[PDB]
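*Asks:* Contents of target.json (JSON, C-alpha atoms):
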[["chain", "number", "residue", "atom", "x", "y", "z"],
["A", 1, "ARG", "CA", 115.50, 304.85, 220.56],
["A", 2, "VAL", "CA", 114.84, 306.32, 224.01],
["A", 3, "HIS", "CA", 116.95, 309.09, 225.56],
["A", 4, "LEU", "CA", 116.72, 310.64, 229.02],
["A", 5, "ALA", "CA", 117.79, 313.93, 230.58],
["A", 6, "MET", "CA", 118.89, 313.11, 234.14],
["A", 7, "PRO", "CA", 120.46, 315.99, 236.13],
["A", 8, "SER", "CA", 114.24, 319.59, 234.91],
["A", 9, "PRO", "CA", 114.02, 316.05, 233.48],
["A", 10, "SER", "CA", 112.96, 315.34, 229.89],
["A", 11, "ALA", "CA", 112.87, 312.48, 227.37],
["A", 12, "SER", "CA", 113.21, 312.06, 223.61],
["A", 13, "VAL", "CA", 112.08, 308.93, 221.75],
["A", 14, "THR", "CA", 112.76, 308.34, 218.03],
["A", 15, "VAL", "CA", 110.30, 305.69, 216.88],
["A", 16, "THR", "CA", 110.43, 304.22, 213.36],
["A", 17, "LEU", "CA", 106.97, 302.80, 212.76],
["A", 18, "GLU", "CA", 106.42, 299.78, 210.55],
["A", 19, "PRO", "CA", 105.91, 300.86, 206.92],
["A", 20, "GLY", "CA", 102.20, 300.95, 206.11],
["A", 21, "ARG", "CA", 100.81, 302.07, 209.47],
["A", 22, "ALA", "CA", 100.40, 305.23, 211.54],
["A", 23, "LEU", "CA", 99.46, 305.56, 215.20],
["A", 24, "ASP", "CA", 96.55, 307.86, 216.02],
["A", 25, "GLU", "CA", 96.71, 310.94, 218.25],
["A", 26, "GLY", "CA", 95.59, 308.95, 221.29],
["A", 27, "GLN", "CA", 98.06, 306.24, 220.28],
["A", 28, "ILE", "CA", 101.25, 308.33, 220.50],
["A", 29, "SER", "CA", 100.27, 309.02, 224.10],
["A", 30, "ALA", "CA", 101.05, 305.32, 224.62],
["A", 31, "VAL", "CA", 104.81, 305.60, 224.25],
["A", 32, "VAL", "CA", 104.67, 309.16, 225.60],
["A", 33, "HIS", "CA", 103.12, 308.23, 228.95],
["A", 34, "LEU", "CA", 105.11, 305.00, 229.05],
["A", 35, "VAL", "CA", 108.52, 306.66, 228.81],
["A", 36, "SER", "CA", 107.31, 309.55, 230.96],
["A", 37, "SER", "CA", 106.21, 307.27, 233.82],
["A", 38, "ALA", "CA", 109.24, 305.03, 233.34],
["A", 39, "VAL", "CA", 111.32, 308.05, 234.42],
["A", 40, "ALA", "CA", 111.29, 309.60, 237.89],
["A", 41, "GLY", "CA", 109.99, 313.17, 238.04],
["B", 1, "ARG", "CA", 106.07, 303.95, 181.98],
["B", 2, "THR", "CA", 107.88, 307.02, 183.31],
["B", 3, "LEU", "CA", 106.20, 307.09, 186.70],
["B", 4, "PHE", "CA", 109.35, 308.69, 188.15],
["B", 5, "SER", "CA", 112.34, 310.23, 186.38],
["B", 6, "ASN", "CA", 115.87, 308.99, 187.13],
["B", 7, "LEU", "CA", 115.26, 307.15, 190.40],
["B", 8, "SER", "CA", 118.30, 306.07, 192.40],
["B", 9, "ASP", "CA", 119.44, 302.46, 192.30],
["B", 10, "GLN", "CA", 118.71, 301.89, 196.00],
["B", 11, "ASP", "CA", 115.07, 302.87, 195.45],
["B", 12, "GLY", "CA", 114.94, 300.58, 192.42],
["B", 13, "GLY", "CA", 116.33, 297.67, 194.42],
["B", 14, "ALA", "CA", 113.91, 298.23, 197.29],
["B", 15, "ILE", "CA", 110.95, 298.30, 194.89],
["B", 16, "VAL", "CA", 112.38, 295.15, 193.29],
["B", 17, "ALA", "CA", 112.28, 293.48, 196.71],
["B", 18, "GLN", "CA", 108.68, 294.55, 197.31],
["B", 19, "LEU", "CA", 107.77, 293.39, 193.79],
["B", 20, "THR", "CA", 109.27, 289.95, 194.42],
["B", 21, "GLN", "CA", 107.09, 290.04, 197.53],
["B", 22, "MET", "CA", 103.87, 290.93, 195.69],
["B", 23, "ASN", "CA", 104.15, 289.41, 192.15],
["B", 24, "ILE", "CA", 104.36, 292.36, 189.72],
["B", 25, "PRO", "CA", 107.57, 292.01, 187.62],
["B", 26, "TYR", "CA", 110.60, 293.83, 189.03],
["B", 27, "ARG", "CA", 112.06, 295.28, 185.84],
["B", 28, "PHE", "CA", 114.73, 297.92, 185.18],
["B", 29, "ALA", "CA", 115.10, 301.13, 183.16],
["B", 30, "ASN", "CA", 117.45, 302.51, 180.51],
["B", 31, "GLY", "CA", 120.89, 302.10, 182.06],
["B", 32, "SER", "CA", 119.66, 303.15, 185.50],
["B", 33, "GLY", "CA", 117.95, 300.05, 186.87],
["B", 34, "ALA", "CA", 114.68, 301.77, 187.80],
["B", 35, "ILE", "CA", 111.65, 299.47, 188.14],
["B", 36, "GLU", "CA", 109.04, 299.29, 185.38],
["B", 37, "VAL", "CA", 105.62, 297.67, 185.67],
["B", 38, "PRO", "CA", 102.45, 297.21, 183.54],
["B", 39, "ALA", "CA", 100.15, 300.20, 183.07],
["B", 40, "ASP", "CA", 97.51, 299.26, 185.66],
["B", 41, "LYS", "CA", 99.93, 298.26, 188.44],
["B", 42, "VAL", "CA", 101.64, 301.67, 188.59],
["B", 43, "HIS", "CA", 98.79, 303.00, 190.75],
["B", 44, "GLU", "CA", 99.07, 300.26, 193.38],
["B", 45, "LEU", "CA", 102.86, 300.26, 193.09],
["B", 46, "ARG", "CA", 103.00, 303.94, 194.01],
["B", 47, "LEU", "CA", 100.56, 303.18, 196.82],
["B", 48, "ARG", "CA", 103.03, 300.55, 198.06],
["B", 49, "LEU", "CA", 105.80, 303.15, 197.76],
["B", 50, "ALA", "CA", 103.72, 305.49, 199.93],
["B", 51, "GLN", "CA", 103.22, 302.72, 202.50]]
As structure tokens, what does this structure read like?
*Replies:*
Amino acid sequence: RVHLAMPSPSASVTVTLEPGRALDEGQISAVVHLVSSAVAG
Amino acid sequence: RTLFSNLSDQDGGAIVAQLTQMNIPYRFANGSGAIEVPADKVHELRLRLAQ
């Protein structure tokens, strides 16, 4: 569930991972830098 | 075995689904319908609950 703040811009993603797994610290940066660079500014 | 006390019926049903998935019998409790399993499987069942 991705949400944007378009008027300083910001984004909020609510990810429900598959039961029985957990992304690592360098793995959350995946969705973080994906939704950040999918949004201008 | 009283692994958990007075679990809700939704939790019992979900564990029943996962138990149909695995193999361990998906039993009920005293008028509450809370899953019950053999003595050894409670460990791995609670591990599945954690997952």
*Asks:* Show me, as a list in words, the residues of chain A whose atoms get within 8 Å of chain B, using only C-alpha atoms for the distance check.
*Replies:* residues 19, 20 and 21 of chain A
*Asks:* To one decimal in Å, tell me the separation between CA of residue 35 in chain A and CA of residue 12 in chain A.
*Replies:*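 Between these atoms lies a distance of 8.8 Å.
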*Asks:* CA of residue 12 in chain B to CA of residue 34 in chain B: how many Å, to one decimal?
*Replies:* 4.8 Å
*Asks:* Could you name the residues that touch residue 42 in chain B at 9 Å or less, counting only C-alpha atoms, but leaving out those on the same chain fewer than 6 positions away, as a list in words?
*Replies:*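 Contacts, with the query itself left out: residues 1, 3 and 36 of chain B.
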*Asks:* Please provide as a PDB file with C-alpha atoms, in the coordinates of the input all residues within 9 Å of residue 7 in chain B, with the sequence filter that same-chain residues fewer than 3 positions apart are discarded (counting all atoms listed in the file).
*Replies:*
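Written out: part_8.pdb:
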ATOM      1  CA  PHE B   4     109.350 308.690 188.150  1.00  0.00           C
ATOM      2  CA  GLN B  10     118.710 301.890 196.000  1.00  0.00           C
ATOM      3  CA  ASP B  11     115.070 302.870 195.450  1.00  0.00           C
ATOM      4  CA  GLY B  12     114.940 300.580 192.420  1.00  0.00           C
ATOM      5  CA  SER B  32     119.660 303.150 185.500  1.00  0.00           C
ATOM      6  CA  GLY B  33     117.950 300.050 186.870  1.00  0.00           C
ATOM      7  CA  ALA B  34     114.680 301.770 187.800  1.00  0.00           C
ATOM      8  CA  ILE B  35     111.650 299.470 188.140  1.00  0.00           C
TER       9      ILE B  35
END
*Asks:* Taking 3 positions as the minimum chain separation for residues in the same chain, which residues sit within 10 Å of residue 24 in chain B when counting all atoms listed in the file? Answer as a VMD selection string.
*Replies:* chain B and resid 16 18 to 21 27 36 to 38 41 to 42 45
*Asks:* What's the 10 Å shell around residue 39 in chain A, counting only C-alpha atoms, without same-chain residues fewer than 6 positions away, as number ranges by chain?
*Replies:* A: 4-6, 9-11, 33
*Asks:* To one decimal place, how far is CA of residue 28 in chain A from CA of residue 7 in chain A in Å?
*Replies:* 25.9 Å
